[PDB]
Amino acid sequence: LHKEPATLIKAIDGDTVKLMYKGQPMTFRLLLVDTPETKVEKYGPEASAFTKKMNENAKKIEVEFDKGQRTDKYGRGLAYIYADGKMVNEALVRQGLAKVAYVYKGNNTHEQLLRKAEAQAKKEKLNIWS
């Protein structure tokens, strides 16, 4: 997989962000993570703020598509997002603000990495695992 530059337009939810990718606005859905929804579930606003803060404070945002389908039925790009080299998907799981979701159409490159982050958050009984 390879990383591509992107520019933040707007954070929408804990699991969704609007980015300028290769010249045009685009909504991205973070791969392999299920965050509480605000559109209001518990930890939903916490997950949203986390994603918002992490992307807004970064100097560089990069998107990394996996090897499976690159967009869902709603037209959102499916990717791993990096804020200053740190994967947003992983940070959410590690902080206990998201659960690892089921693999979707072959996009599983980072599933083990995320499963490990989740096991650790569970052990520490962080947020969602409270």
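In this text, residue numbers run from 1 along the sequence as written.
Gap between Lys39 and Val40: 4 to 9 deposited residues without coordinates. Relative to its counterpart among 101-109 and 84-92, 101-109 has the higher mean temperature factor, C-alpha atoms as listed in the PDB entry. Here the stretch with the larger average CA B-factor, out of 75-83 and 25-33, is 25-33.
Among the modelled residues of the chain, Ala117 sits in the middle third by CA temperature factor in this PDB entry. Ranked against the other modelled residues of its chain, the C-alpha B-factor of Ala47 as given in the entry falls in the middle third. Among the modelled residues of its chain, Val17 has a C-alpha B-factor that falls in the lowest third, as given in the PDB entry. Annotation for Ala58: CA B-factor lies in the highest third of the chain's modelled residues.
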